[PDB]
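Heads up, final-v8.tsv below (TSV, N, CA and C atoms and all ligand atoms):
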```tsv
chain	number	residue	atom	x	y	z
A	1	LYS	N	-14.88	-25.35	-56.39
A	1	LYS	CA	-13.54	-25.24	-55.81
A	1	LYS	C	-12.46	-25.20	-56.90
A	2	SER	N	-12.61	-24.27	-57.83
A	2	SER	CA	-11.61	-24.03	-58.87
A	2	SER	C	-11.97	-22.73	-59.57
A	3	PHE	N	-11.26	-22.45	-60.66
A	3	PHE	CA	-11.48	-21.24	-61.45
A	3	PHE	C	-12.12	-21.51	-62.80
A	4	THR	N	-11.93	-22.70	-63.35
A	4	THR	CA	-12.39	-23.03	-64.70
A	4	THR	C	-13.57	-23.98	-64.62
A	5	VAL	N	-14.62	-23.68	-65.38
A	5	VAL	CA	-15.82	-24.50	-65.44
A	5	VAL	C	-15.99	-25.00	-66.87
A	6	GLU	N	-16.14	-26.30	-67.03
A	6	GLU	CA	-16.43	-26.89	-68.32
A	6	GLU	C	-17.94	-26.91	-68.56
A	7	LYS	N	-18.31	-27.02	-69.84
A	7	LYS	CA	-19.72	-26.97	-70.20
A	7	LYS	C	-20.48	-28.15	-69.59
A	8	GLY	N	-21.74	-27.93	-69.28
A	8	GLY	CA	-22.57	-28.94	-68.66
A	8	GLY	C	-23.63	-28.29	-67.80
A	9	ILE	N	-24.12	-29.05	-66.82
A	9	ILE	CA	-25.14	-28.59	-65.89
A	9	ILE	C	-24.70	-28.94	-64.48
A	10	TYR	N	-24.85	-27.99	-63.55
A	10	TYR	CA	-24.41	-28.17	-62.18
A	10	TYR	C	-25.52	-27.77	-61.22
A	11	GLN	N	-25.49	-28.36	-60.03
A	11	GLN	CA	-26.42	-28.04	-58.95
A	11	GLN	C	-25.62	-27.41	-57.82
A	12	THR	N	-25.83	-26.11	-57.59
A	12	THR	CA	-25.05	-25.39	-56.58
A	12	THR	C	-25.70	-25.47	-55.20
A	13	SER	N	-26.95	-25.02	-55.08
A	13	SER	CA	-27.57	-24.92	-53.77
A	13	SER	C	-29.08	-24.74	-53.92
A	14	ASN	N	-29.73	-24.57	-52.77
A	14	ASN	CA	-31.15	-24.30	-52.64
A	14	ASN	C	-31.33	-22.98	-51.92
A	15	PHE	N	-32.13	-22.09	-52.49
A	15	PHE	CA	-32.30	-20.77	-51.89
A	15	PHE	C	-33.20	-20.86	-50.66
A	16	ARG	N	-32.86	-20.09	-49.62
A	16	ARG	CA	-33.58	-20.12	-48.35
A	16	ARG	C	-33.68	-18.70	-47.81
A	17	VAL	N	-34.91	-18.21	-47.64
A	17	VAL	CA	-35.10	-16.90	-47.03
A	17	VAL	C	-34.74	-16.96	-45.55
A	18	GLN	N	-34.17	-15.85	-45.02
A	18	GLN	CA	-33.71	-15.86	-43.64
A	18	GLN	C	-34.65	-15.07	-42.74
A	19	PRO	N	-34.74	-15.45	-41.46
A	19	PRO	CA	-35.68	-14.77	-40.56
A	19	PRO	C	-35.25	-13.34	-40.25
A	20	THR	N	-36.22	-12.55	-39.81
A	20	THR	CA	-36.01	-11.14	-39.51
A	20	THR	C	-36.45	-10.72	-38.11
A	21	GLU	N	-37.55	-11.25	-37.59
A	21	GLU	CA	-38.12	-10.80	-36.33
A	21	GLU	C	-38.22	-11.99	-35.38
A	22	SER	N	-38.42	-11.70	-34.10
A	22	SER	CA	-38.65	-12.70	-33.07
A	22	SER	C	-40.01	-12.45	-32.43
A	23	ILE	N	-40.82	-13.50	-32.32
A	23	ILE	CA	-42.18	-13.40	-31.81
A	23	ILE	C	-42.33	-14.35	-30.63
A	24	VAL	N	-42.91	-13.86	-29.54
A	24	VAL	CA	-43.20	-14.66	-28.36
A	24	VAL	C	-44.65	-14.44	-27.97
A	25	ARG	N	-45.37	-15.53	-27.72
A	25	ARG	CA	-46.77	-15.47	-27.31
A	25	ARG	C	-46.95	-16.27	-26.04
A	26	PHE	N	-47.47	-15.62	-25.00
A	26	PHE	CA	-47.67	-16.22	-23.69
A	26	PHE	C	-49.06	-15.89	-23.17
A	27	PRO	N	-49.56	-16.65	-22.20
A	27	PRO	CA	-50.84	-16.31	-21.57
A	27	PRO	C	-50.76	-14.98	-20.83
A	28	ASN	N	-51.93	-14.50	-20.41
A	28	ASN	CA	-52.13	-13.13	-19.94
A	28	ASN	C	-52.59	-13.05	-18.48
A	29	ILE	N	-51.59	-12.92	-17.60
A	29	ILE	CA	-51.79	-12.64	-16.19
A	29	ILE	C	-50.53	-11.95	-15.68
A	30	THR	N	-50.70	-10.95	-14.81
A	30	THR	CA	-49.61	-10.09	-14.34
A	30	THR	C	-49.69	-9.86	-12.84
A	31	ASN	N	-49.86	-10.93	-12.07
A	31	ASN	CA	-49.96	-10.85	-10.62
A	31	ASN	C	-48.85	-11.65	-9.97
A	32	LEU	N	-48.32	-11.12	-8.86
A	32	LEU	CA	-47.34	-11.83	-8.06
A	32	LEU	C	-48.03	-12.70	-7.01
A	33	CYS	N	-47.25	-13.55	-6.35
A	33	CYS	CA	-47.81	-14.55	-5.45
A	33	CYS	C	-46.77	-15.01	-4.42
A	34	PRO	N	-47.13	-15.87	-3.43
A	34	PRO	CA	-46.24	-16.07	-2.27
A	34	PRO	C	-45.04	-16.97	-2.49
A	35	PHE	N	-44.60	-17.17	-3.74
A	35	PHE	CA	-43.34	-17.86	-4.01
A	35	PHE	C	-42.26	-17.49	-2.99
A	36	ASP	N	-41.94	-16.19	-2.92
A	36	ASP	CA	-40.98	-15.72	-1.94
A	36	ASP	C	-41.48	-15.96	-0.52
A	37	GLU	N	-42.78	-15.74	-0.28
A	37	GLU	CA	-43.34	-15.96	1.05
A	37	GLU	C	-43.27	-17.42	1.45
A	38	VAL	N	-43.54	-18.33	0.51
A	38	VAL	CA	-43.35	-19.76	0.78
A	38	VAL	C	-41.89	-20.03	1.11
A	39	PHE	N	-40.97	-19.41	0.36
A	39	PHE	CA	-39.56	-19.49	0.71
A	39	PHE	C	-39.30	-18.86	2.08
A	40	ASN	N	-39.88	-17.68	2.32
A	40	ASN	CA	-39.66	-16.93	3.55
A	40	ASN	C	-40.65	-17.30	4.65
A	41	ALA	N	-41.18	-18.52	4.63
A	41	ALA	CA	-42.12	-18.94	5.66
A	41	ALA	C	-41.44	-18.98	7.02
A	42	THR	N	-42.15	-18.49	8.04
A	42	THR	CA	-41.58	-18.45	9.38
A	42	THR	C	-41.30	-19.85	9.91
A	43	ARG	N	-42.21	-20.79	9.67
A	43	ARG	CA	-42.04	-22.17	10.08
A	43	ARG	C	-42.15	-23.09	8.88
A	44	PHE	N	-41.28	-24.09	8.82
A	44	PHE	CA	-41.26	-25.06	7.74
A	44	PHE	C	-41.72	-26.42	8.25
A	45	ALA	N	-42.58	-27.08	7.48
A	45	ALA	CA	-43.18	-28.34	7.88
A	45	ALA	C	-42.25	-29.50	7.54
A	46	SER	N	-42.72	-30.72	7.81
A	46	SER	CA	-41.98	-31.94	7.55
A	46	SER	C	-42.48	-32.61	6.28
A	47	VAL	N	-41.83	-33.72	5.91
A	47	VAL	CA	-42.23	-34.46	4.72
A	47	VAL	C	-43.63	-35.04	4.90
A	48	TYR	N	-43.89	-35.64	6.06
A	48	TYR	CA	-45.22	-36.16	6.34
A	48	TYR	C	-46.24	-35.03	6.47
A	49	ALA	N	-45.79	-33.84	6.85
A	49	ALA	CA	-46.65	-32.65	6.87
A	49	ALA	C	-46.66	-32.05	5.47
B	1	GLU	N	-44.41	-89.16	-65.27
B	1	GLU	CA	-43.44	-90.11	-65.80
B	1	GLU	C	-43.88	-90.57	-67.18
B	2	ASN	N	-42.98	-90.47	-68.15
B	2	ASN	CA	-43.28	-90.85	-69.54
B	2	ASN	C	-41.97	-91.36	-70.16
B	3	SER	N	-41.77	-92.67	-70.09
B	3	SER	CA	-40.54	-93.28	-70.59
B	3	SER	C	-40.61	-93.42	-72.11
B	4	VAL	N	-39.53	-93.04	-72.78
B	4	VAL	CA	-39.48	-93.11	-74.23
B	4	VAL	C	-39.03	-94.50	-74.66
B	5	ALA	N	-39.64	-95.01	-75.72
B	5	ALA	CA	-39.26	-96.31	-76.25
B	5	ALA	C	-37.90	-96.22	-76.93
B	6	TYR	N	-37.28	-97.38	-77.13
B	6	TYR	CA	-35.98	-97.44	-77.78
B	6	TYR	C	-35.88	-98.73	-78.56
B	7	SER	N	-35.22	-98.66	-79.72
B	7	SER	CA	-35.02	-99.85	-80.53
B	7	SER	C	-33.86	-99.61	-81.48
B	8	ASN	N	-33.36	-100.71	-82.05
B	8	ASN	CA	-32.21	-100.61	-82.94
B	8	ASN	C	-32.53	-99.82	-84.20
B	9	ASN	N	-33.69	-100.05	-84.80
B	9	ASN	CA	-34.01	-99.54	-86.12
B	9	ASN	C	-35.41	-98.94	-86.16
B	10	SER	N	-35.72	-98.07	-85.21
B	10	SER	CA	-37.01	-97.40	-85.19
B	10	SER	C	-36.82	-95.91	-84.95
B	11	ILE	N	-37.51	-95.08	-85.73
B	11	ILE	CA	-37.50	-93.64	-85.52
B	11	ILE	C	-38.94	-93.14	-85.51
B	12	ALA	N	-39.09	-91.85	-85.21
B	12	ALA	CA	-40.39	-91.20	-85.17
B	12	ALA	C	-40.32	-89.90	-85.95
B	13	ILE	N	-41.39	-89.59	-86.68
B	13	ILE	CA	-41.40	-88.38	-87.50
B	13	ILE	C	-42.73	-87.64	-87.34
B	14	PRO	N	-42.71	-86.32	-87.23
B	14	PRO	CA	-43.96	-85.56	-87.16
B	14	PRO	C	-44.63	-85.43	-88.52
B	15	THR	N	-45.92	-85.10	-88.49
B	15	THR	CA	-46.71	-84.96	-89.71
B	15	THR	C	-47.60	-83.72	-89.70
B	16	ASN	N	-47.47	-82.85	-88.72
B	16	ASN	CA	-48.30	-81.65	-88.61
B	16	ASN	C	-47.59	-80.68	-87.68
B	17	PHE	N	-47.97	-79.41	-87.78
B	17	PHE	CA	-47.29	-78.37	-87.02
B	17	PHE	C	-48.29	-77.37	-86.47
B	18	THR	N	-47.82	-76.48	-85.60
B	18	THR	CA	-48.65	-75.38	-85.14
B	18	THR	C	-47.77	-74.22	-84.71
B	19	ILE	N	-48.41	-73.07	-84.52
B	19	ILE	CA	-47.73	-71.82	-84.22
B	19	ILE	C	-48.26	-71.27	-82.91
B	20	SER	N	-47.37	-70.77	-82.06
B	20	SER	CA	-47.73	-70.25	-80.75
B	20	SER	C	-47.04	-68.91	-80.52
B	21	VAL	N	-47.48	-68.21	-79.48
B	21	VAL	CA	-46.89	-66.93	-79.09
B	21	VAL	C	-46.56	-66.97	-77.61
B	22	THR	N	-45.56	-66.18	-77.23
B	22	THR	CA	-45.10	-66.16	-75.84
B	22	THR	C	-44.67	-64.74	-75.48
B	23	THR	N	-44.74	-64.41	-74.19
B	23	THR	CA	-44.45	-63.07	-73.71
B	23	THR	C	-43.27	-63.09	-72.75
B	24	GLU	N	-42.54	-61.97	-72.71
B	24	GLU	CA	-41.49	-61.79	-71.71
B	24	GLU	C	-41.41	-60.32	-71.33
B	25	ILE	N	-40.96	-60.06	-70.10
B	25	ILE	CA	-40.94	-58.72	-69.52
B	25	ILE	C	-39.55	-58.44	-68.96
B	26	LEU	N	-39.03	-57.23	-69.21
B	26	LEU	CA	-37.72	-56.86	-68.67
B	26	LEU	C	-37.68	-55.43	-68.13
B	27	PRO	N	-37.21	-55.23	-66.90
B	27	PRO	CA	-36.99	-53.87	-66.39
B	27	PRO	C	-35.84	-53.20	-67.11
B	28	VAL	N	-35.90	-51.87	-67.20
B	28	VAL	CA	-34.88	-51.14	-67.92
B	28	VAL	C	-34.24	-50.05	-67.07
B	29	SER	N	-34.99	-49.50	-66.12
B	29	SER	CA	-34.47	-48.36	-65.36
B	29	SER	C	-35.29	-48.16	-64.10
B	30	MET	N	-34.73	-47.39	-63.18
B	30	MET	CA	-35.35	-47.07	-61.90
B	30	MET	C	-35.60	-45.57	-61.81
B	31	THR	N	-36.16	-45.14	-60.68
B	31	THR	CA	-36.50	-43.74	-60.48
B	31	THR	C	-35.31	-42.98	-59.91
B	32	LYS	N	-34.98	-41.85	-60.53
B	32	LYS	CA	-33.88	-41.03	-60.04
B	32	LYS	C	-34.27	-40.36	-58.73
B	33	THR	N	-33.28	-39.73	-58.09
B	33	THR	CA	-33.53	-39.04	-56.83
B	33	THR	C	-32.44	-38.00	-56.60
B	34	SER	N	-32.72	-37.08	-55.68
B	34	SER	CA	-31.74	-36.06	-55.32
B	34	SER	C	-31.97	-35.63	-53.88
B	35	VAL	N	-30.87	-35.23	-53.24
B	35	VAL	CA	-30.87	-34.87	-51.82
B	35	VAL	C	-29.94	-33.68	-51.63
B	36	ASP	N	-30.33	-32.77	-50.73
B	36	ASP	CA	-29.48	-31.68	-50.29
B	36	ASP	C	-29.17	-31.89	-48.81
B	37	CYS	N	-27.89	-32.02	-48.49
B	37	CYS	CA	-27.50	-32.47	-47.15
B	37	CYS	C	-27.89	-31.46	-46.08
B	38	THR	N	-27.73	-30.17	-46.36
B	38	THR	CA	-27.88	-29.16	-45.32
B	38	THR	C	-29.30	-29.15	-44.75
B	39	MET	N	-30.31	-29.23	-45.62
B	39	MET	CA	-31.69	-29.21	-45.15
B	39	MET	C	-31.99	-30.41	-44.25
B	40	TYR	N	-31.59	-31.60	-44.68
B	40	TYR	CA	-31.95	-32.80	-43.94
B	40	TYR	C	-31.18	-32.90	-42.63
B	41	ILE	N	-29.89	-32.57	-42.65
B	41	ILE	CA	-29.05	-32.79	-41.48
B	41	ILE	C	-29.17	-31.69	-40.43
B	42	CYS	N	-29.69	-30.52	-40.79
B	42	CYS	CA	-29.70	-29.39	-39.86
B	42	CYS	C	-30.76	-28.40	-40.32
B	43	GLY	N	-31.82	-28.25	-39.53
B	43	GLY	CA	-32.97	-27.47	-39.94
B	43	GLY	C	-32.76	-25.98	-40.08
B	44	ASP	N	-32.47	-25.30	-38.98
B	44	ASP	CA	-32.41	-23.84	-38.98
B	44	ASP	C	-31.36	-23.23	-38.06
B	45	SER	N	-30.79	-23.99	-37.13
B	45	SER	CA	-29.88	-23.41	-36.15
B	45	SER	C	-28.62	-22.89	-36.83
B	46	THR	N	-28.32	-21.61	-36.61
B	46	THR	CA	-27.13	-21.01	-37.20
B	46	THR	C	-25.86	-21.64	-36.64
B	47	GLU	N	-25.82	-21.86	-35.32
B	47	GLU	CA	-24.65	-22.50	-34.72
B	47	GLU	C	-24.45	-23.90	-35.28
B	48	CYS	N	-25.54	-24.64	-35.46
B	48	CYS	CA	-25.47	-25.92	-36.15
B	48	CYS	C	-24.94	-25.77	-37.57
B	49	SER	N	-25.34	-24.70	-38.26
B	49	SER	CA	-24.84	-24.48	-39.62
B	49	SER	C	-23.33	-24.26	-39.63
B	50	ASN	N	-22.82	-23.48	-38.68
B	50	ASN	CA	-21.38	-23.31	-38.57
B	50	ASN	C	-20.68	-24.62	-38.20
A	101	LIG	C1	-53.07	-80.45	-88.70
A	101	LIG	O1	-53.65	-79.90	-87.54
A	101	LIG	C2	-54.62	-78.88	-87.82
A	101	LIG	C3	-55.05	-78.31	-86.49
A	101	LIG	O2	-53.92	-77.91	-85.72
A	101	LIG	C4	-55.78	-79.47	-88.62
A	101	LIG	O3	-56.66	-78.42	-89.00
A	101	LIG	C5	-57.95	-78.62	-88.39
A	101	LIG	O4	-58.64	-79.74	-88.94
A	101	LIG	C6	-59.92	-79.98	-88.32
A	101	LIG	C7	-60.47	-81.24	-88.95
A	101	LIG	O5	-61.15	-80.96	-90.17
A	101	LIG	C8	-60.83	-78.77	-88.51
A	101	LIG	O6	-62.05	-78.99	-87.80
A	101	LIG	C9	-60.15	-77.51	-87.99
A	101	LIG	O7	-60.95	-76.37	-88.30
A	101	LIG	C10	-58.77	-77.35	-88.61
A	101	LIG	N1	-58.09	-76.19	-88.06
A	101	LIG	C11	-58.26	-74.95	-88.54
A	101	LIG	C12	-57.48	-73.87	-87.85
A	101	LIG	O8	-59.00	-74.72	-89.49
A	101	LIG	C13	-55.26	-80.15	-89.88
A	101	LIG	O9	-56.32	-80.85	-90.52
A	101	LIG	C14	-54.14	-81.14	-89.54
A	101	LIG	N2	-53.56	-81.68	-90.76
A	101	LIG	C15	-54.17	-82.62	-91.50
A	101	LIG	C16	-53.43	-83.07	-92.73
A	101	LIG	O10	-55.26	-83.08	-91.20
A	102	LIG	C1	-56.50	-12.97	-22.40
A	102	LIG	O1	-56.77	-12.64	-23.75
A	102	LIG	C2	-57.94	-13.30	-24.25
A	102	LIG	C3	-58.04	-12.93	-25.71
A	102	LIG	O2	-58.00	-11.52	-25.89
A	102	LIG	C4	-59.17	-12.86	-23.46
A	102	LIG	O3	-60.31	-13.58	-23.92
A	102	LIG	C5	-58.97	-13.10	-21.97
A	102	LIG	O4	-60.05	-12.54	-21.23
A	102	LIG	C6	-57.65	-12.49	-21.51
A	102	LIG	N1	-57.41	-12.82	-20.11
A	102	LIG	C7	-57.11	-11.90	-19.19
A	102	LIG	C8	-56.89	-12.42	-17.79
A	102	LIG	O5	-57.04	-10.71	-19.46
A	103	LIG	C1	-30.10	-104.70	-81.23
A	103	LIG	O1	-28.76	-104.93	-81.66
A	103	LIG	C2	-27.93	-105.54	-80.66
A	103	LIG	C3	-26.54	-105.62	-81.25
A	103	LIG	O2	-26.17	-104.40	-81.87
A	103	LIG	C4	-28.50	-106.91	-80.29
A	103	LIG	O3	-27.71	-107.46	-79.24
A	103	LIG	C5	-29.94	-106.78	-79.83
A	103	LIG	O4	-30.50	-108.06	-79.62
A	103	LIG	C6	-30.77	-106.03	-80.87
A	103	LIG	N1	-32.14	-105.84	-80.41
A	103	LIG	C7	-32.48	-105.15	-79.32
A	103	LIG	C8	-33.95	-105.09	-79.02
A	103	LIG	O5	-31.65	-104.61	-78.59
```
Please rewrite the model in this file as structure tokens.
Amino acid sequence: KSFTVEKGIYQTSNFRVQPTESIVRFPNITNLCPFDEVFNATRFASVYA
Amino acid sequence: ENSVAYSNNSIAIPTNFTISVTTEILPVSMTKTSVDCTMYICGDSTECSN
């Protein structure tokens, strides 16, 4: 934080490589199911049911 | 307990000697260290970095 540096030794920073890509890994199944049908059920049961 | 005698006109004088050795130990310095705040306080989040 100035313009003039006196003789000596200084520690500025630590070098860090930055990321480039994004990777996502998930299990392998591609089927739909009655989520909506459970929502769209004609009759809804009770708590004890 | 070893009480020393006392008298008006009595002294004690040695007649032989010996030589001994003794040791002493003193610390002089400790281990240096260094820390970089950014790595420890915030891992990788860019928003955290800002
Ligand atoms: C003063 O003390 C020393 C020991 O601290 C005496 O030297 C020893 O004397 C005995 C008796 O003969 C020997 O067996 C030892 O070997 C001697 N010591 C050594 C290291 O050799 C000494 O004799 C004493 N002074 C007088 C005048 O007797
Ligand atoms: C998922 O991938 C693994 C590894 O290739 C394979 O063993 C498994 O059979 C796959 N599952 C399905 C449902 O395709
Ligand atoms: C020593 O001297 C004192 C006087 O200075 C005397 O009273 C005493 O009797 C003497 N002897 C002893 C053993 O104190």
Box centre and edge lengths (Å, one decimal), axis-aligned, ligand LIG 103 (chain A) plus 8 Å each side, as lines of an AutoDock Vina configuration file:
```
center_x = -30.1
center_y = -106.2
center_z = -80.2
size_x = 23.8
size_y = 19.7
size_z = 19.3
```
At a cut-off of 8 Å and counting only N, CA and C atoms and all ligand atoms, what residues surround ligand LIG 101 (chain A)? Please answer as JSON, numbers by chain. {"B": [15, 16, 17, 18, 19]}
How would you report the residues lying within 10 Å of ligand LIG 103 (chain A), as a PyMOL selection string, if you count only C-alpha atoms and all ligand atoms? chain B and resi 6-9
Kindly assemble as CSV a list of the chain A residues that lie within 8 Å of ligand LIG 102 (chain A), each paired with its nearest atom pair and their distance in Å to one decimal, using only N, CA and C atoms and all ligand atoms, sorted first by chain and then by ascending residue number.
```
residue,atom,partner,partner_atom,distance
A:27,C,A:LIG102,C1,6.3
A:28,C,A:LIG102,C8,4.4
A:29,N,A:LIG102,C8,5.3
A:30,N,A:LIG102,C8,7.0
```
If we count only C-alpha atoms and set the cut-off at 12 Å, which residues sit around residue B:49, ignoring sequence neighbours fewer than 4 positions away in its own chain? Please answer as a PyMOL selection string. chain B and resi 37-45
Out of chain A, which residues get helix (DSSP H, G or I) from DSSP, as a ChimeraX atom specification? /A:35-39
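Across the structure, atom CA of residue A:12 and atom C of residue B:33 are spaced 14.6 Å apart.
In this structure, the chain A residues at most 10 Å away from chain B are residues 11, 12, 13, 14, 16, 18 and 19 of chain A, with only C-alpha atoms considered.
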Straight-line distance linking atom N of residue B:31 with atom CA of residue A:8, stated in Å to one decimal: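 Rounded to one decimal, the two atoms are 22.6 Å apart.
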Could you check how far atom CA of residue A:22 sits from atom CA of residue B:46, in Å to one decimal? 14.8 Å
